């Protein structure tokens, strides 16, 4: 369980910030709204790894939602090809993501899903697939990211340097892009060391979330409502 942990009580993370007034206040508040947490390894891949695991976990036992997600995943090779990725270079990463989706359908257990995401090889193939898909979806919608995010940014250089490579950190653009690319509704809770309100953002704005993440000390952990 070195990449994604077992579930722990929310108040168990007080020990990560001992004798810190502001962290203690916000974790106590968070505990009023959430019951449990899973921790992720802080290796620069934790956003992709957390979102991937938590979203597939939320599908277990839901036969219609699994059918619809499988249908979308089968079309993602077309997104990658439209953005200029070559099939023989994405094949190994697509095949690893499709395999874990069939595992959700066929096997249906938390234990089996958690083993794949703690297997360094399988888990890293999954993360690399999610990074390529994020890149593709941004590149195919460059005017949308320029219009609504940043009219001055260089989209192709940004994807090359800050999306595709393993261990590169995320920002709002990557979160928005992967959310839209797989139709995943997610809520991020923010815990920083300023004397401010505990606050959250939902991606996309309207939505009812599937997934809850805690962003704290540059790190994304998984929350349970």
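Numbering follows the first chain given and starts at 1.
> Decide which of the stretches 200 to 208 and 20 to 28 has the higher mean C-alpha B-factor, going by the entry.
Higher mean C-alpha B-factor: 200 to 208.
> Mean Cα B factor from the PDB record: higher for 141 to 149, or higher for 121 to 129?
In the deposited entry, the stretch with the higher C-alpha B-factor mean is 141 to 149.
> In terms of recorded Cα temperature factor, pick the maximum from 159, 170, 181, 188.
Each of 159, 170, 181, 188 was compared by C-alpha B-factor; the highest is 170.
> For the chain shown, is the CA B-factor of residue 38 in the lowest, middle or highest third of its modelled residues?
Answer is middle: the recorded C-alpha B-factor places it there.
> Could you look up the Cα B-factor of residue 175 in the entry and say which third of the chain it sits in: lowest, middle or highest?
CA B-factor rank for residue 175: middle third.
> C-alpha B factor of residue 77, ranked within the chain: lowest, middle or highest third?
Residue 77: CA B-factor falls in the lowest third of its chain.
> When the modelled residues of the chain are sorted by Cα temperature factor, does residue 194 land in the lowest, middle or highest third?
CA B-factor rank for residue 194: highest third.
> Ranking the modelled residues of this chain by C-alpha B-factor as given in the entry, is residue 11 in the lowest, middle or highest third?
Its C-alpha B-factor, which the entry lists for residue 11, ranks in the highest third among residues of this chain.
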